[PDB]
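Shown next as structure tokens: one chain only, the form deposited in one PDB entry.
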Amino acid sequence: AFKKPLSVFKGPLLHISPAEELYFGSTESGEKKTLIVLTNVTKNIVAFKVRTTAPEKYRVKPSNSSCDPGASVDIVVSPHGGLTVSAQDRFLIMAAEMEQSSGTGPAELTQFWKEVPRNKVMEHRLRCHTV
């Protein structure tokens, strides 16, 4: 509920917190987690996907979804039990703006990503800080 304050990267479609570096903290059960917050600063829905250099290592929720105009979405990232964060581990936020009144169900998002020209796709990288 209460979270550490985060820096901000201002992209054209999204503001992203933190701006560049992900720090992990412990939960009540001792598990390590970090938070990414995306804020859609456009007038239309923005579709987004989260990718990583270590796809077997992290739970990422949500990772393929959409953000409403003016709204924020929390993305929770945590290494699987027994795995430890490396400074080599990076995340990629990919995002693109949809049309007015676009649907955002899974099939609709899949079709959108097939159509969107690469030049319209915003990308921003984040890097893990060791624990």
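Residue positions are given as counts along the sequence shown, with the first one as 1. Only residues modelled in both forms are compared. Take the two forms, superpose them, and find the largest set of C-alpha atoms that agree within 1.5 Å; that set is the rigid core.
Another form exists, solved in complex with a partner chain; not displayed. Remarks below refer to it.
Its partner chain is not shown here, and in the bound PDB entry it never comes within 4.5 Å of any heavy atom of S102. In the bound PDB entry, no heavy atom of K43 sits within 4.5 Å of its partner chain. Taking the partner from elsewhere, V73 is found to have every heavy atom lying beyond 4.5 Å of its partner chain in the bound PDB entry.
Though the partner is left out of this view, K32 does not reach within 4.5 Å of its partner chain in the bound PDB entry, counting heavy atoms only. Between 102-110, 35-43, 59-67, 22-30, the stretch whose residues reach within 4.5 angstroms of its partner chain in the bound PDB entry through a non-hydrogen atom is 59-67. Segments of at least three consecutive residues in which every Cα is displaced by 2 Å or more between this form and the one not shown, once the core is aligned, occur only at 3-6.
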